[PDB]
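Fold and geometry: a report
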Amino acid sequence: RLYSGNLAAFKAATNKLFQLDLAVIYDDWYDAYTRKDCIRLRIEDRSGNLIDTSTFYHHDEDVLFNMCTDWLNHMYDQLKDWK
Amino acid sequence: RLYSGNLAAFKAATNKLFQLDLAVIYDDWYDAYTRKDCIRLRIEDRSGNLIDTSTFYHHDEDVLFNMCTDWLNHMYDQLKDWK
Amino acid sequence: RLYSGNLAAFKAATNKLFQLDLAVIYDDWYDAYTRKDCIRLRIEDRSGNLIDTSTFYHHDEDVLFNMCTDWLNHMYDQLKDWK
Amino acid sequence: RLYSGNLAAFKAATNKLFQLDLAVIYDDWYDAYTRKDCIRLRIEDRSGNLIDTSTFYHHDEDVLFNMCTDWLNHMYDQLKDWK
Amino acid sequence: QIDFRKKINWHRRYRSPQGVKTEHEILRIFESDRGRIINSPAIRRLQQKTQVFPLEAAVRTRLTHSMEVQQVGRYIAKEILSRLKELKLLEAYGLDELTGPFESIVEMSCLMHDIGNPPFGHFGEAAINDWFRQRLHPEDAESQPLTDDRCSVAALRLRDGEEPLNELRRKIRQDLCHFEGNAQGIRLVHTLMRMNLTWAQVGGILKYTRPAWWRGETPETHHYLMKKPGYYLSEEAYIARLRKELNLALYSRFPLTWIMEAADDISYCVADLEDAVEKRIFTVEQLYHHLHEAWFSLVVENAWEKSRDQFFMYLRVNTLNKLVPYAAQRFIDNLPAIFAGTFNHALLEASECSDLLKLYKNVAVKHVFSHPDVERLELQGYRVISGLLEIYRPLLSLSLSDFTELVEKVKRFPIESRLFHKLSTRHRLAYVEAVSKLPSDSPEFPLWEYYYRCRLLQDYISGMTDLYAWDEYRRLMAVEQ
Amino acid sequence: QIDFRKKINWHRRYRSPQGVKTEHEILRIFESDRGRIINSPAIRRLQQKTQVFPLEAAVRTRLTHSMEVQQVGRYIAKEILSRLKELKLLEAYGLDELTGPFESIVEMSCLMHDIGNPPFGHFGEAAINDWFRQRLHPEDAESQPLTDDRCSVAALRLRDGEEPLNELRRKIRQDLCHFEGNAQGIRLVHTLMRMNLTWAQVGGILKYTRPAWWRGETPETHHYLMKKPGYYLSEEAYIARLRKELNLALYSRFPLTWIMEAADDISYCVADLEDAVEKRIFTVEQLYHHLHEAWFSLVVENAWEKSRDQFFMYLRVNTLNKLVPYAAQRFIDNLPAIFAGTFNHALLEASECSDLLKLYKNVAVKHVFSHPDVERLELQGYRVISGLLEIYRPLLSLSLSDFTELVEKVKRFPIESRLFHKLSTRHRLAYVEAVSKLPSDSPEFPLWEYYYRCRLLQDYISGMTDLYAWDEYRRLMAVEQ
């Protein structure tokens, strides 16, 4: 199963994004065609407009959560220069 | 369900017959054609030869056991004149 | 440890000897010189006079009890012709 | 054994000295030559330099703790004029 | 002639693999046998049976002890194989392509030693034996029929005037009062669980060869191999075929069994001692004092001096390095007699090894087994087993017709029907299969039916754990809800 | 170049056997290592930790599951060795005289997989992590010093104006909130128990390679081998030497570990399913219905049709004969990458094997893990661990001088002294040895002392069983006498 520390890091990244006056939308499912699990994240604002949306595929959830957290930190660095 | 006293009386009659050097064979089933339950009793001896055999039909088991006990007592009176 | 059945057989032999109006005296110890255990049995009567006395040595108690029981049965056969 | 209130008063004096930007060093042992118990206190500062050091001897610990607390309050009054 | 290809048989009783096979196929067969043994409910039942102290701390159960016996057996087998390979006798004895099966069979035999003991151990067997001895009185059938027969069963009384039926009553009455753990283990592995093991694996757990229905003295050439019952009367035919599959004569023993027995003799001492310290009974200093008083130089002095959780890890190793090569040399020296199956001694049975083992044993008896808790648990277990047998007694007082009718489906036997339904499915199926094969016309049918009914009761009683039997005993006595 | 003589190292950290040795001496060394591992208190602690269902019936514990993992690992190792011997590559790879050590190392690694998990498993680790995250707040040290530092420890705050000491605070704060079972297992095997295992045996239980104090993204060439923490900061030096003893680069993995991982993936499914039937949750018919709905032909159809205690014994065998050769071929095909230590995949990670394993896993998740009892036990364990940490909190609020004085012998700290005396001897000795070696003059002493104090607390909390922790939690809360 998923390790607790990875979930904690993902939650910390989500809280950091939310404190930046942004909205994080999380969706997930499984794709049997590719035999993997898929997670899509859609970033928004206080008005509810899409900014960045990306989907990740993997067969192990520990790597998937790490990739998602890395992407969230990358966007936070990008959009935290200002605004 | 069957009342305890009726079963006790039937067991007492069976023991009285058995102490008389006789054998009591009990069989039972249900007849859905007549919508009732059937009990057949076959009396024997120390050698294993049939003497008297009778079958009773009824929809309530309390009356059925009473009839069986009455028949057993009647045969005991009949065959306890001697032998 | 000693098996229960062997002890039961030894007790049965002792009771059979005792019912024959005899007395069984049991003594035991360990001999470190021979590195074994020793059991001596002394048979007596109602007056308290020695009749037969024998000692057995062994390193395993299961065989020792079997030998003792065999000897007790042998004497019982010997002295149960009469008296 | 030591009474709770005396220990509480000693702890309060220690906290008052520590809030005054001072350090209190406590050492204790038993002297069988004098047949008593000995407690030494060494006051210091944020740099770690000795200022006042005293040792007390007694056979009962309740009096010993009272003497120590009295000395600590006396120094606090002395050095709390300023600095 | 020594040829271990005539003793390591990989055939089975059902759906046996026939034809020719190579080393890899044989190894896969024995790995499959390991797979069946390890994943069995009997091992998980071993998980919750007591060894010395009551189950709480980190005291040992049956399973952890079996795990030490397995390790010792494997190490002895490896030493034997290495010593045989050094002397260039490995290929001349037929063991060139059978080392893996050798070690696997020894390990699995060591793992299945305690599979058949009843709850509470030595005090459970005693209770069963005394109860059935009171019910049957086997000592009154040793000779011609008497008038004072104390047996409580009408069909088992020795009624003068018939000698062919009497022999059978004598056999059944003597057999029913000799419950033993290893015979029940054989019965469990073959009949109750239906594991379908290879012939060699089943032969590896046949420790003693005396039949349970034996009366009288045993031959002087087998007095050690026949000191305990080996198998029951319901397995006789089976055992016969086993001999034909392993070229064993009457009252003979399978070679590798010796090794297993040796292992059960080393661990038996040392482990118990360690647990005494962990339950806060006494300490290391007292250990040495008692050992020195009850007494050697090498092991004891090295252990006591190099020490001044890690003391026992040092004490074991020295004992193993002193004992295992002795057992290997004893096995190799008397190899023809062991391969014949007539060796009337044990491997470790006047060297210093016997003295060291006796030292450990007497210290354990003096300072551990005399504790009040063990003694109290022993009395409580005896009483619980006796009470359970008394509770289930009414099932044995019925008649042939009544019990037969009760098996096929009753309204005349409420209490008896509920008691019967309380039994397990496997035991009832075993009874059904055993009784179906009997000829329904011979005058010997009631005798066999009573024997199998008593066997069913003993299987049920012996198939419990300590906690389950204790809880069930309080529930059936209306002491707890 | 592949040469397994450079990877199977029989040297030790203390009192290592130097010089030249033959096959027999090496085999004896590894047998001795088995002797130390099997007779350890950690295994007897595994005896009483829950797997899925609460400890009562014949449900499984950690130990019985470890016994299946061991069997699967040994069978896979034997298949690999046989396939290599068939192709005449056994002598060219340096494995001619090292088959026994191979199998023994794989088995012992499979036995020690669950040695370091805390009580209640996944819910124990979560509780420890959240408690320490609340106390330390590691997310506030990722960058230059802030004014809103939420840390509750004065010495661990990032006070701007000093960059050499800050790096250390960051490392300690990040490490203390990443308790993980395998890192604790390594720490237990080396520091706390002092078993003195060989280098290969210790390397066999290093599953993941990411340091616990890691911050940021991992390289794309190691994203699978670094998905979980691998070791703590107190073992870093040790791990360094381990690499020098096994020719492993940074963030690399020991070959045989792959095999062990594979085993932990097969048993993980099937066993759980069987226990669901034994606790009377549903039955065989429902099993097939759910499997068919959630879905293959060979295993499922043979199991369902040949069946019409013995169903699972038939279901396992087919799954093993379908899965083990696939793992052996995957190991042999990618051998150079595994021997290098950089293979970024798992053996069983699009074949039908993945589909069958996913079928078993999803059926188990749907019908077993959703039962109310598991869920309730999971919540209760979380609360118990949190309560124990809250109870022992006052030990972490003291000062350096106070805790140092308390260790050496107090009259000023009654409650704290009793709480400290409640801890075990081994953990306190480990703390003493760890702190003694520190330079007593550097400005980094308080940081290390706090780190080792927190390590002592975590070792104590993680060294319990479920029942012991539960009982101690009720005793310390004055709920039971």
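Residues numbered from 1 in each chain as written, not as in the entry; some residues may be left out. Chains lettered and ligands numbered in written order. Part of a larger assembly, values for the part shown. Heavy atoms only, no water. Residues with missing side-chain atoms left out of burial classes, pairs and counts.

For this deposited structure, the header cites cryo-EM as the method used and 2.8 Å as the resolution.

**With respect to the overall build of chain A**
Tallying secondary structure elements over chain A gives two helices and three strands in all. Sequence-ordered secondary structure for chain A, helices as α and strands as β, is α-β-β-β-α. Each principal axis of the C-alpha distribution contributes one length, and for chain A these read about 40 × 25 × 15 Å. If you take every contact in chain A between residues at least 6 apart in sequence, the share linking residues at least 24 apart comes to 38%. (Helix = DSSP H or I, 4+ residues; strand = E, 2+ residues; numbered from the N terminus. Contact = heavy atoms within 4.5 Å.)

**A closer look at the overall build of chain E**
For chain E, the helix and strand inventory stands at 21 helices and two strands. Relative to the compact-globule value of 23 Å for 481 residues, chain E shows a C-alpha radius of gyration of 24 Å, a close match. Each of the three principal axes of chain E carries a C-alpha extent, and together these read 75 × 55 × 45 Å. (Rg over C-alpha atoms; globule rule 2.2 N^0.38 Å.)

**Let's talk about the pattern of salt bridges**
E:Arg12 serves as the salt-bridge partner of E:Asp33, at 2.5 Å between the closest nitrogen and oxygen. Within this pair, whereas E:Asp33 is found in helix α1 (residues 23-38), its partner E:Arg12 is found in the segment before α1, the two being separated by 21 residues in sequence. The shortest N-O distance in the salt bridge between F:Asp373 and F:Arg376 comes to 2.6 Å. Placement of the pair is F:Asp373 and F:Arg376 together in helix α16 (residues 372-392), with a separation of three residues, close to one helical turn. What emerges from the salt-bridge pattern is a single network uniting B:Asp28, E:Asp402, E:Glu405, E:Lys409 and E:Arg412. (Salt bridge = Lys/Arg side-chain N within 4 Å of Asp/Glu carboxyl O.)

**So, the relation of the copies chain F and chain E**
After a rotation of 180° and a shift along the axis of 0.0 Å, chain F superposes on chain E with an RMSD of 0.0 Å. In symmetry terms, the pair is related by a two-fold rotation axis. For chain F, the minimum C-alpha distance to the rotation axis belongs to F:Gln47 and amounts to 4.0 Å. Counting the interface residues of chain F, we find that 100% of their copies in chain E are interface residues as well, pointing to one common contact surface. (Least-squares fit on C-alpha atoms.)

**A word on the packing of helix α4 (residues 99-111) of chain F against helix α10 (residues 257-278) of chain F**
Residues and elements named next belong to chain F. As a packed pair, α4 and α10 sit with axes 9 Å apart at the nearest point and diverge in direction by 45°. Between α4 and α10, the crossing angle belongs to the class labelled oblique. Between α4 and α10 lies a crossing of right-handed hand. Across the interface between the two elements, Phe102, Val106, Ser109 and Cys110 of α4 pack against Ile259, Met260 and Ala263 of α10. (Axes fitted to C-alpha atoms, helices over the stretch in contact; angles between N-to-C directions. Parallel < 35°, antiparallel > 145°, perpendicular 65-115°, else oblique. Left-handed = near helix turned anticlockwise from the far one by under 90°.)

**Remarks on helix α1 (residues 4-19) of chain B**
Helix length check: α1(B), at 16 residues, gives a terminal C-alpha distance of 22 Å against a target of 22 Å (1.5 Å per residue), a fit within 8%. Backbone geometry just after α1(B) places B:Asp21 at a positive phi near 60°. (Expected span 1.5 Å × (residues − 1).)

**Notes on the interface of chain F and chain A**
The interface of chain F with chain A comprises 14 residues on the first partner and 12 residues on the second. Take the side of chain F that touches chain A: its biggest share by element is five residues, from helix α5 (residues 122-136) of chain F. When grouped by side-chain class, the residues that make up the side of chain F that touches chain A number four nonpolar, four polar and six charged. (Nonpolar A, V, L, I, M, F, W, Y, C, P; charged D, E, K, R; others polar.)

**Details of the environment of D:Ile25**
All names here are of chain D. On the secondary structure map, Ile25 appears in strand β1 (residues 23-31). For the pair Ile25 and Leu79, spaced 54 residues apart in sequence, the C-alpha to C-alpha distance is 17 Å. When sequence neighbours within four positions are dropped, the list of residues in contact with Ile25 reads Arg40, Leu41, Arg42 and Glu44.

**Quick word on the packing of aromatic side chains**
Each ring, one from E:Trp214 and one from E:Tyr251, has its centre 6.0 Å from the other, and the planes form 80°; the classification is edge-to-face. One end of the pair, E:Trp214, is in the loop between β1 (210-211) and β2 (229-231); the other, E:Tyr251, is in the loop between α9 (236-246) and α10 (257-278), with 37 residues separating them in the sequence. Through pairs of rings, three or more aromatic residues link up here, namely E:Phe4, E:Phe102 and E:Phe339. Lying over the aromatic face of E:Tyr232, E:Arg455 brings its terminal NZ or CZ to 3.9 Å of the ring centre. A cation sits over an aromatic face here: F:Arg453 above F:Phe403, 4.5 Å from the ring centre. (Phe/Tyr/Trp six-rings, centres within 6.5 Å; stacked < 30°, edge-to-face > 60°. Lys NZ or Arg CZ within 6 Å of the ring centre and 35° of its normal.)

**What about the packing of α16(F) against helix α21 (residues 466-476) of chain F?**
All names here are of chain F. The interhelical angle for the contact between α16 and α21, taken along N-to-C directions, is 55°, at an axis separation of 10 Å. Classified by the interaxial angle, the pair formed by α16 and α21 is oblique. α21 is crossed by α16, and the crossing has left-handed handedness. Residues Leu377, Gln380, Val384, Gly387, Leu388, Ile391 and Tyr392 of α16 lie in contact with α21, whose contacting residues are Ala469, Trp470, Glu472, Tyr473 and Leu476.

**Some details on the sheet that holds strand β1 (residues 23-31) of chain B**
Residues and elements named next belong to chain B. An order of β1-β2-β3 is seen for the three strands of this open sheet, with the pairing classed as antiparallel. The open sheet has two edge strands, β1 and β3 (53-58), and neither has a second partner. Recorded for the sheet is a direction-independent mean angle of 15° between the axes of neighbouring strands. Here six bridges tie strand β2 (residues 36-44) to β3, and the two strands are oriented antiparallel to one another. If you follow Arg42 over to β3, its bridge partner there is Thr53. (Pairing = 2+ DSSP bridges.)

**Remarks on the arrangement of the chains**
Of all five pairs of chains that touch, the greatest number of contacts is found between chains E and F. A gap remains between chain A and chain D, which never touch, and the nearest two C-alpha atoms on either side lie 37 Å apart. Nowhere do chain B and chain D come into contact; their C-alpha atoms are at least 74 Å apart.

**Let's talk about the pairing of strand β2 (residues 36-44) of chain C**
All names here are of chain C. Here strand β1 (residues 23-31) runs beside β2; their pairing, made up of nine bridges, is antiparallel. Along β2, the bridge assignment pairs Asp31 with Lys36. With antiparallel pairing between neighbouring strands as the criterion, β1 and β2 make up a hairpin whose turn holds four residues, including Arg35 at a positive phi of roughly 55°.

**Some words on the sheet that holds strand β1 (residues 23-31) of chain A**
Residue and element names in this part refer to chain A. What the three strands build is an open sheet, ordered β1-β2-β3; its pairing is antiparallel. What marks the edges here is a single partner per strand, and that holds for β1 and β3 (53-58). Here the strands of the sheet are splayed against their neighbours by 15° on average, with no regard to which way each runs.

**Examining the domain arrangement of chain E**
Frequently, the measure chosen for interface size is the accessible area that the parts lose on association. Residues and elements named next belong to chain E. Structurally, chain E comprises domain 1 (1-117 + 178-253), domain 2 (118-177 + 369-481) and domain 3 (254-368). Between domain 2 and domain 3, the contact holds four residues from the first and seven residues from the second. Residue classes in the side of domain 2 that touches domain 3 are distributed as two nonpolar, two polar and no charged. (Domains from an automatic or database assignment.)

**Overview of unusual backbone geometry**
Despite not being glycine, D:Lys83 has its phi angle at roughly 60°, a positive value. As for its placement among the helices and strands, D:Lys83 is situated in the segment after α2 (61-79). We note that E:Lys88 has phi near 60°; this positive angle belongs to a residue other than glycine.

**Description of the UniProt feature "domain: HD" in chain E**
Feature annotation in UniProt places "domain: HD" on residues 62-269 of chain E, given in this structure's numbering. Helix and strand shares over residues 62-269 of chain E are 51% and 2% respectively, and the end C-alpha atoms of the span are 14 Å apart. (UniProt positions renumbered as here; feature names shortened; annotations may be inferred.)

**Let's talk about the interface of chain F and chain E**
Each side of the interface is counted separately: chain F has 34 residues, and chain E has 34 residues. Sorting the residues of the side of chain F that touches chain E by element identifies α1 (23-38), α2 (41-46), α3 (62-86) and α13 (311-333) of chain F as the ones contributing at least two each. With nine residues, α3(F) is the largest single contributor of residues to the side of chain F that touches chain E. The residue inventory of the side of chain F that touches chain E, partitioned by class, reads 12 nonpolar, nine polar and 13 charged.

**Description of the environment of F:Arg241**
All names here are of chain F. Considering the arrangement of structural elements, one finds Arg241 in helix α9 (residues 236-246). Each C-alpha atom of the pair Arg241 and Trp199 lies 9.7 Å from the other, and the pair is 42 residues apart in sequence. Look past the residues within four positions of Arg241 in its chain and what remains in contact with it is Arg13 and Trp199.

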